[PDB]
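[1] pasting an experimental structure, sequence included:
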Amino acid sequence: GXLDXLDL
Amino acid sequence: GXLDXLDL
Amino acid sequence: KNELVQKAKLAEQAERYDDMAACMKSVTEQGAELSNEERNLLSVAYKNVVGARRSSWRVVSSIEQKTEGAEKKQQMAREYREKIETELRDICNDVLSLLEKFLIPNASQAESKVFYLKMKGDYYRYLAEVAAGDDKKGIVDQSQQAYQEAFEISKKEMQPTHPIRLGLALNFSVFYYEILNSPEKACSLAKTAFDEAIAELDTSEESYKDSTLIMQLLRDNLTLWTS
Amino acid sequence: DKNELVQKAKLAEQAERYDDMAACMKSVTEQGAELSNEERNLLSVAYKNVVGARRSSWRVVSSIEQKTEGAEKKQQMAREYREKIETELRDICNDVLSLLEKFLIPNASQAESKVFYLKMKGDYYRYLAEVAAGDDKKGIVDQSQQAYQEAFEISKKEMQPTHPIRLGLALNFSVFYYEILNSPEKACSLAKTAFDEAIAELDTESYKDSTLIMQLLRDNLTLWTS
């Protein structure tokens, strides 16, 4: 949601 | 796999 | 040839189990008694294929009870739960066919038979889970039939440590509980197998960890149903 | 409408069916609306998991090809399967691109969002480069460069280093310079640049959600230090 939303 | 090949 | 196996071994490695299973679904379709290696690969493949959907359906199903705000999403939740159910059944039947058509009637090794029959039970039990309506009672007994045939063969030409026999046990022990909803029968069977598998404490031949790994599941199941 | 597929996708996440999830977001974009934060994120979460699966699938198959090369009778089936995934990812990448280049950046109304979707371009083209065989890569690499740099202009001197979307850009553009352009010197430059500027920022989910991004930069900086 925070790491995976922005793809690392 | 132990349970992976036995599907547990 | 075994080019598919190789594809599967890659599909396994690629976690592309959908392909993997299709590969082995074809190897089966080739109409040969799959090597315990191949066997394992087919299972591995379909294990995740049916596993993907069960764990999908499971969350949707529970969310079906936990509908966004009111019970208005019920329609969507269900509709989609059914979308999964459709797929799951396809995969199940697909596996079941393989079992009826190739696996069971080809499996020469007694051990192998147990395995596939267990699959039968397993995959039939995966239907029962989803089998709402009036189907369950029959389908649950169709899973049972399958598990029992396996049990019969296991308690015959399989030592109590054999991970498959224990694999069956656990898979069949979970059936009586989760499915038939009869802890009485479930708990006993589990105990029986584990209890019987204990005497063989291998003071110097066993099935190492694989077998012990199940015992833990078995007892960890037993202790859950204990409560 | 759009919501008629915002609940379904939310459930597809819940049910780990990102292929469905993605397909719901596609229609939500095809609706013709500047995506929300909820709805945008989902699209990412959805497609990131779809591409991610392929990318991580490709990486292992490519890695398996490191047993027999372009001309062999044992690692010839890998390349052919890797190529199948190459295709799959491409289709999925192009799909996200079609969504992004058609009506993902032009429809986006906000400024902070511009960065984001462009960061996807810098992401998704980079994915293409990795798999982009032949001489075609060269251009596809520029695609990601033109993109990830373009988003860097909108995120640079526009949002505080504290911003996780500005820092997420840093991460991905740096890993683009390193992993694709194989220009560690330039990668570490961008990283330091972002991290440095990001230090001189002050924010009271920016507390942690914007702290992990930084921790990766530092980790990468460290990795590329040795």
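    Noted; the coordinates are in hand. Numbers count the residues shown, from 1 in each chain, chains lettered A, B, ... in the order given.

[2] which residues touch residue C:74?
    Counting by Cβ atoms under 8 Å, 6 or more residues apart in numbering or on different chains, residue C:74 makes contact with C:64, C:67. In short, each C-beta sits where N, CA and C put it, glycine included.

[3] angles on the backbone of the residue lying closest to residue C:67 once chain neighbours are set aside, please.
    Nearest-residue entry for residue C:67: residue C:73, 4.4 Å, with adjacent residues in sequence omitted and distances by Cβ to Cβ, 6 or more residues apart in numbering or on different chains. The phi/psi pair for residue C:73 (degrees, to the nearest 10) reads phi -70, psi -20.

[4] residues of chain C that sit close to chain B?
    Within chain C, the positions adjacent to chain B are C:40, C:43-44, C:46-47, C:50-51, C:118-119, C:122, C:163-164, C:167, C:170-171, C:209-210, C:213-214, C:217 by Cβ under 8 Å from any Cβ of the partner chain.

[5] among those residues, name the ones in strands.
    Assignment to strands by DSSP state E places none of the residues of chain C next to chain B there.

[6] could you give me the buried positions within stretch C:31-38?
    Under the neighbour-count criterion of 16 or more other Cβ atoms under 10 Å in any protein chain shown, stretch C:31-38 has C:33, C:34, C:38 buried.

[7] which SS class is the second one?
    For residue C:34, the secondary structure call by DSSP: H, G, I helix; E, B strand; the rest coil comes out as coil.

[8] quick check: it touching residue C:26?
    No - counting by Cβ atoms under 8 Å, residue C:26 is not a contact partner of residue C:34; they are 11.1 Å apart.

[9] may I have the phi/psi pair for residue C:67?
    Residue torsions, per degrees, to the nearest 10, at residue C:67 are phi -70, psi 140.

[10] ok, it - contacts?
    Contacts of residue C:67 by Cβ under 8 Å, 6+ apart are C:73, C:74, C:77.

[11] related to what we said a few turns ago, keep only those of the residues of chain C next to chain B that are in helices.
    Cross-referencing the residues of chain C next to chain B against helices under DSSP state H gives C:40, C:43-44, C:46-47, C:50-51, C:118-119, C:122, C:163-164, C:167, C:170-171, C:209-210, C:213-214, C:217.

[12] so what's residue 4 up against?
    All of this is about chain A. Residue A:4 neighbours (Cβ under 8 Å, 6+ apart): D:44, D:45, D:48, D:49.

[13] chain C is the one I meant
    C:23, C:24, C:26, C:27 are the contacts of residue C:4 under Cβ under 8 Å, 6+ apart.

[14] then residue C:76?
    D:7, D:8, D:11.

[15] I figured residue C:112 hits residue C:39, correct?
    Yes - if you go by Cβ under 8 Å, residue C:112 and residue C:39 touch, sitting 6.7 Å apart.

[16] between those two, which one's more packed in?
    residue C:39 (23 against 20; other Cβ atoms under 10 Å in any protein chain shown).

[17] can you report how many residues neighbour the closest residue to residue C:160 other than its chain neighbours?
    With Cβ to Cβ, 6+ apart as the criterion, residue C:160 has its nearest non-adjacent residue at 4.2 Å, and that residue is residue C:197. Applying other Cβ under 10 Å, we find 23 residues neighbouring residue C:197.

[18] residue C:21 now?
    Neighbour count for residue C:21, taken as other Cβ under 10 Å: 28.

[19] now the helix or strand in which it is found: buried residues?
    Using DSSP states H and E, residue C:21 maps to helix C:17-29. Of the residues in helix C:17-29, C:17, C:19, C:20, C:21, C:22, C:23, C:24, C:25, C:27, C:28 count as buried by neighbour count, 16+ other Cβ under 10 Å.

[20] TSV for these, including distance to chain D?
    Shown next, in TSV, are the buried residues of helix C:17-29 (distance: Cβ to the nearest Cβ, whole Å):
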residue	distance to chain D
C:17	11
C:19	8
C:20	11
C:21	15
C:22	12
C:23	10
C:24	15
C:25	17
C:27	15
C:28	20
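
[21] perfect, that will be all.
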